[PDB]
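S.K.: What shape does this take:
(9 chains)
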Amino acid sequence: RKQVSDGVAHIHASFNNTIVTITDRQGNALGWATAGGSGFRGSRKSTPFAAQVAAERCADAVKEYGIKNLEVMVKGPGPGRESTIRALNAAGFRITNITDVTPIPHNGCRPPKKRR
Amino acid sequence: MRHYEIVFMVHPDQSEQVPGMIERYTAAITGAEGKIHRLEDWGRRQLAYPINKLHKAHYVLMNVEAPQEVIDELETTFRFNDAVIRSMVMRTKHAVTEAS
Amino acid sequence: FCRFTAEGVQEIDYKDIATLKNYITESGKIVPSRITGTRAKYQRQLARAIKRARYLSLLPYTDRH
Amino acid sequence: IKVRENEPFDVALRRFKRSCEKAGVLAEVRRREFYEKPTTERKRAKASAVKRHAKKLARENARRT
Amino acid sequence: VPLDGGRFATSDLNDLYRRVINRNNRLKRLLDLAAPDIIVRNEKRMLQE
Amino acid sequence: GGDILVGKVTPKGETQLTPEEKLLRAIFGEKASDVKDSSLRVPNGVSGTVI
Amino acid sequence: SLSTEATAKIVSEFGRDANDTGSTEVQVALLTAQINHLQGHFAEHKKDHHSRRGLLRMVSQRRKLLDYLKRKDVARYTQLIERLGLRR
RNA sequence: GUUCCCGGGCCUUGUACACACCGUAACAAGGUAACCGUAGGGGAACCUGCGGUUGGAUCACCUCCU
RNA sequence: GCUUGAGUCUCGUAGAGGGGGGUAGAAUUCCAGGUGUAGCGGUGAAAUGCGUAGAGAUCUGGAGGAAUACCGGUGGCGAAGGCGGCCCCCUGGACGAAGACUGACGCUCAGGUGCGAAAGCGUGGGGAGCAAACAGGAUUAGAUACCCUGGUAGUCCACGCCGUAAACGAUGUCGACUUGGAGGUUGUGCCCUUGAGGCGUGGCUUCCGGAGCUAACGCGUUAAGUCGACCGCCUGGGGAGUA
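M.R.: Numbers count the residues shown, from 1 in each chain, chains lettered A, B, ... in the order given. This is the structure:
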């Protein structure tokens, strides 16, 4: 639906969750896929193979729109970031450009309090 | 008296009515004891990031020997003139003329 | 080693930005001291020029916004 | 950051993402600030890296094996 | 003196002694493994050229 | 004497470059130290007047 | 800082030379006149925790400067304060 | 074939141990690094936030470029 | 009276130095609208909570608030504490080439004064993120502890009080003396700076060492080495750096 070819696929592998989502060039979201909804709850949420299945979940149920050249703009320096990319290339897509527009602050706000 | 490299940019739509703006400011320098070294004009060059709507501003340079107290009030003029959005004054002792 | 800070004595200007582009990358990043053999004098001079150019949109800050 | 390589590739090659920062910005904005801590491990690290240079200076004189 | 680019502008006398040394070690090897006479003498003619 | 009349560009070589300047070839560019200046020169003992 | 076109005036008056700014009758004057040019600093903003030490430095160097002039020649001492006015 | 496993041995690393490994708070990285200062709280050790210091440990592997 | 001490002037230099103010941009939270799914968060694992009153996520637009990635370098300034975007106003400290001068105007110092991270409190604004007290789910024999969902003081700005510290390269301060190399960082003089250099002169700082000292480790031109000067401190610990 809406007919889009260039699908901006924001893949955000944080630390223990990787979300893949193709949207419209404008901004109209198309379909999502997550390492937490496809299963793999655990240290598996922090694995690139789960990100490979995340790419597969973002490979089907999205052909209704039909994207070919997609702008895989990766966000958040996490576990995947390549296994997910080659999952999409082995899914039937042609990534026109892999961009690294990760959520980057100029050390704006303070970072969160976690891990020990 | 001191050297102030006043480099500023107006919008591409004001690039057609900026020469009048130039005669405004340079006339004030003559009325404030001053002399221009380089009225450097490149053209309307592409901005990296569009300012809230459009990119490609217009660059014009002065690089004038002028008194610090008049240029201070002159900077206030630039600050509340919405054509010139980004305008800064530079170091002293040496204002250049080459490289264009 | 470089021939920009040898034949380029006394403060490297930034009207024409092509020379700072030898010292920044196509991403918007500033080259480190250890690559091109350039003592801090020349290095920090470029630094002043760069900050100024990015405020005036001559040079970009990050890659994309 | 932004790699394309026209269309004959069948590969990602995010080698510039790593040549940019990748984990660079992350190292400071993933876990709390701690302000002074990183400074501490900077001194220890240098002591062992400069000693590596002293190591390169110790091997040049004999190493008769 | 190689040729600036990827070739050899060298005195190809080296390329000649090269074969001389190749075949030298060769007959000494034909002493170790003890090869038939008609062929080690064929190497005699070889190191001869 | 030995003045320059006209300049001649001329290919040089990867053989002529050091590993120190093979780092600066990945930064500055390809056609910087790839071609050298082997212009047309006036051999010693020749005078002249370009007309 | 003491601007240069105030300084050269003061030195040529008190001193015989234009470079005679090493004589105590001139050393103290340029120190006092430097604070007289610094008044514009400590009158406004008030919280200069760094320039505070600078004041204590130049003024203390002046308290002992006037100390030796006092012990060596009370005639030029009372003359320093009578030509500039740095007593009170 | 030494990566898995049982035992032995050499080198190295760390110890407030050598009397020799109600709650574990420190000493192995004590498996949540330690210590001082400030405020508050909790049966109790101390804990949380902030600044500083070395009277602190390993920088050993798994994947990519000549 | 004279100068190798202190210091001033003429000509210049770099910067997270301080006080007041303005501004640009990203991200987090929230609100409204377009789209759409059945999951989001987190942990060794689980769970309270959110959600079909369409959350999480994305785009556009907008109102607050704190802090400045890459540049970053046992790099820089400073008495110290402490402090990283840019600029304007005021302005301090440190240093150097070549000369002119008063002629030891120099140093430290109980009582005293000033600066004094963070935090607590009074007062006027304020709240995105995190977080004492507290509620809940559990690992557990128990949880007022590790973790997570919320959340007040606080974090921020200005005016004062408390005037406290590992305010510790634990090395008090000023001056003088003592074979070098690698560096980092900021100026200048001289020579073909013809080119990414060579030979000197000062400041700060790091590593390896000699003379020396020490219990050892090691510091080592910035000394724990050799002297002069001044102040404070110790005479076993606990009690107690407390009443």
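
S.K.: so what's residue G:23 up against?
M.R.: Shown here is residue G:23, whose contacts under the criterion CB atoms under 8 Å, 6 or more residues apart in numbering or on different chains are G:14, G:15. All C-beta spots, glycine's among them, are computed from the backbone N, C-alpha and C.

S.K.: oh sorry, the question was meant for residue E:3
M.R.: Neighbouring residues of residue E:3 by CB under 8 Å, 6+ apart: E:9, F:15.

S.K.: Spell out which parts of chain D neighbour chain A.
M.R.: When proximity is defined as CB under 8 Å from any CB of the partner chain, chain D approaches chain A at D:1-4, D:7, D:10-12, D:14, D:17, D:20, D:22-23, D:25-26, D:28-33.

S.K.: Kindly write the ChimeraX command that selects the buried subset of these.
M.R.: The buried subset of the residues of chain D next to chain A, as determined by 16 or more other CB atoms under 10 Å in any protein chain shown, is captured in ChimeraX by this line:
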select /D:1,2,3,12,14,17,20,22,25,26,29,30
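
S.K.: ok, now how distant is whichever residue of chain E sits closest to chain A from residue F:29?
M.R.: Of chain E, the residue with the smallest distance to chain A, taken as CB to the nearest CB, is residue E:6 at 35.2 Å. Residue E:6 sits 21 Å away from residue F:29, taking CB to CB, to the nearest Å as the criterion.

S.K.: Could you do residue A:7 as well?
M.R.: Separation of residue A:7 from residue F:29 (CB to CB): 36 Å.

S.K.: likewise residue D:19?
M.R.: As defined by CB to CB, residue D:19 lies at a distance of 18 Å from residue F:29.

S.K.: likewise residue E:23?
M.R.: The span separating residue E:23 from residue F:29 equals 48 Å under the rule CB to CB.

S.K.: more neighbours, these two?
M.R.: When neighbours are counted by other CB atoms under 10 Å in any protein chain shown, residue E:23 and residue F:29 differ, and residue E:23 comes out ahead with 15 against 11.

S.K.: which ones are touching that one?
M.R.: By CB under 8 Å, 6+ apart, the contact list for residue E:23 reads E:43, E:46, E:47.

S.K.: if we go to 10 Å?
M.R.: When contacts are counted by CB atoms under 10 Å, 6 or more residues apart in numbering or on different chains, residue E:23 is found next to E:43, E:46, E:47, E:48, E:49.

S.K.: Give me the buried entries from the residues you listed.
M.R.: Neighbour counting with 16+ other CB under 10 Å marks residue E:43 as buried within the contacts of residue E:23.

S.K.: ok, now which ones touch the residue of chain B found nearest chain E?
M.R.: Among the residues of chain B, residue B:99 lies nearest to chain E; the distance is 37.1 Å by CB to the nearest CB. For residue B:99, the contacting residues are B:38, B:40, C:13, C:14, C:15, C:16, C:19, taking CB under 10 Å, 6+ apart as the criterion.

S.K.: Where does it sit: helix, strand or coil?
M.R.: At residue B:99 the chain is in coil, as set by DSSP: H, G, I helix; E, B strand; the rest coil.

S.K.: From chain D, how far out is it?
M.R.: 30 Å (CB to the nearest CB, to the nearest Å).

S.K.: what about the nearest residue to that residue once chain neighbours are set aside, distance to residue B:27?
M.R.: Nearest in space to residue B:99, with sequence neighbours left out and distances taken as CB to CB, 6 or more residues apart in numbering or on different chains, is residue C:15 at 4.2 Å. Distance from residue C:15 to residue B:27, counting by CB to CB: 24 Å.

S.K.: can you check residue B:69 too?
M.R.: In this view, residue B:69 and residue B:27 are 18 Å apart by CB to CB.

S.K.: go on, residue D:40?
M.R.: Applying CB to CB, one obtains 60 Å for the distance of residue D:40 from residue B:27.

S.K.: Pull out the buried residues from the helix ranked longest in chain A.
M.R.: The helix that spans the most residues within chain A, counting by DSSP state H, is helix A:48-57. Across helix A:48-57, burial judged by 16+ other CB under 10 Å covers A:48, A:50, A:51, A:52, A:53, A:54, A:55, A:56, A:57.

S.K.: hmm, that helix touching RNA strand H?
M.R.: No: Helix A:48-57 is not in contact with RNA strand H by CB under 7 Å from any atom of the strand; minimum separation 10.6 Å.

S.K.: Export only the CA atoms of that helix, formatted as CSV.
M.R.: Extracted in CSV, the C-alpha atoms of helix A:48-57 (Å, rounded to 0.1, in the frame of the first residue of the first chain):
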residue,chain,number,x,y,z
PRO,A,48,23.0,-10.9,15.6
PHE,A,49,21.3,-14.2,14.6
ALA,A,50,18.2,-12.9,16.3
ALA,A,51,18.8,-9.8,14.3
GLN,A,52,19.0,-12.0,11.3
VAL,A,53,15.5,-13.3,12.1
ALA,A,54,14.5,-9.8,12.9
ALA,A,55,15.4,-8.9,9.3
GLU,A,56,13.4,-11.9,8.1
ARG,A,57,10.3,-10.7,10.0
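
S.K.: Export only the CA atoms of stretch G:36-44, formatted as PDB.
M.R.: Extracted in PDB, the C-alpha atoms of stretch G:36-44 (Å, rounded to 0.1, in the frame of the first residue of the first chain):
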ATOM      1  CA  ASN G  36      43.400  53.400  38.600                       C
ATOM      2  CA  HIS G  37      42.700  51.800  35.200                       C
ATOM      3  CA  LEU G  38      41.700  48.600  37.000                       C
ATOM      4  CA  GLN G  39      39.000  50.400  39.100                       C
ATOM      5  CA  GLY G  40      36.700  49.800  36.100                       C
ATOM      6  CA  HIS G  41      37.100  46.100  36.700                       C
ATOM      7  CA  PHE G  42      36.500  45.800  40.500                       C
ATOM      8  CA  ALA G  43      33.700  48.300  40.400                       C
ATOM      9  CA  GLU G  44      31.500  45.900  38.200                       C
END
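
S.K.: That one: how far from the chain's middle?
M.R.: Average the C-alpha atoms of stretch G:36-44, do the same for its chain, and the two points are 14 Å apart (CA atoms, centre = their mean, to the nearest Å).

S.K.: Whichever of the contacts of residue B:99 end up buried, select them in ChimeraX.
M.R.: In ChimeraX, selecting the buried portion of the contacts of residue B:99, with burial taken from 16+ other CB under 10 Å, looks like this:
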select /B:38,40 /C:14,15
